[PDB]
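Here is the structure we will look at, set down as structure tokens.
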Amino acid sequence: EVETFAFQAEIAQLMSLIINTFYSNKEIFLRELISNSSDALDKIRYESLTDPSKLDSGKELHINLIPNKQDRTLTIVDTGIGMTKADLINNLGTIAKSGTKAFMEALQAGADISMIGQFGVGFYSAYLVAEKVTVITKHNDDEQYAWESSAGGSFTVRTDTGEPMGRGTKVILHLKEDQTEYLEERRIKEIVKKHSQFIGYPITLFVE
Ligand SMILES: CC(C)c1cc(-c2noc(NC(=O)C3CC3)c2-c2ccc(CN3CCOCC3)cc2)c(O)cc1O
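Using the numbering used here, you'd call the opening residue of the sequence shown number 114 and step up by one each time.
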């Protein structure tokens with residue numbers, strides 16, 4: 114059973130802007146996703162300070178970057194707190210309506226797309242490079258779910274029957290045909306070094 118939902122209008126508008134605006138500095142998507150993973154990792158770590166059993170679903174806190182040139186996907190995996198079904202539906206655990214409004218207002222005033230993270234909606238920068246994004250997630254005591262959208266105003270949510278994750282979130286970027294540079298080891302390394310040097314969890318770049 115797959116449920117299909119409409120994005121709030123403001124979010125659909127932001128996604129369209131991201132997809133259709135000319136902007137060459139697309140590499141910022143990766144910093145935003147790694148930042149999100151870091152925040153989710155902070156949260157499970159904090160909760161584990163008073164309830165160690167929350168780590169029964171996995172003690173290692175890290176981020177993996179997995180390029181697949183055959184499938185044309187870049188996958189970012191973390192072992193953070195994970196999202197519930199409600200989190201996914203409610204704009205991936207974010208106050209995206211108010212964030213997206215302010216961001217589009219700032220862009221009107223002369224801000225640039227790279228500042229998206231300041232408005233709490235950095236996730237949507239994924240659409241700079243991806244034609245479709247799948248988010249697979251698992252929170253303690255809830256089921257594993259898959260969220261997916263190719264923009265166009267809607268997203269789906271379903272119970273995921275793929276490889277079980279202990280706990281955390283996997284973001285699978287199905288890259289646009291002209292954005293395969295983000296599957297190359299040296300390019301990814303460059304971006305991580307430039308934008309994510311002070312992330313406090315191990316980031317492992319898989320090779321093929
Ligand atoms: C799909 C995006 C949004 C995403 C979410 C999570 C995640 N898993 O559990 C979570 N649940 C959370 O509560 C974690 C934040 C602690 C999150 C999460 C949700 C929203 C944000 C965006 N923030 C939200 C607030 O404003 C700044 C950006 C970051 C991570 C993640 O680990 C990686 C990601 O790329």
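Idealized CB from N, CA, C, for every residue including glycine.
- Judged by DSSP secondary structure, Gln126 falls within the alpha helix (DSSP H) whose first and last residues are 122-133.
- Residue burial is scored here from C-beta neighbours: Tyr237 has at least 16 other C-beta atoms within 10 angstroms and is therefore classed as buried.
- Burial state of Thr134 is exposed, judged by a 10 Å Cβ sphere holding fewer than 16 other Cβ atoms.
- The shortest CA-to-CA distance from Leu146 to any of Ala239, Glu114, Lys251 is the one to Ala239.
- Collapsing the DSSP output to three states places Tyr159 in a helix.
- Around the C-beta of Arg144, 16 or more other C-beta atoms lie within 10 Å, and the residue is accordingly described as buried.
- Cα atoms of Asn203 and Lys214: separation of roughly 16 angstroms, rounded to the nearest angstrom.
- Distance between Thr117 and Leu241, taken at the CA atoms: about 23 angstroms.
- Within the stretch 210-288, not a single complete alpha helix (DSSP H) segment reaches 4 residues in length.
- Distances taken from the Cβ of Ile189 to the heavy atoms of ligand 1 include one shorter than 8 angstroms.
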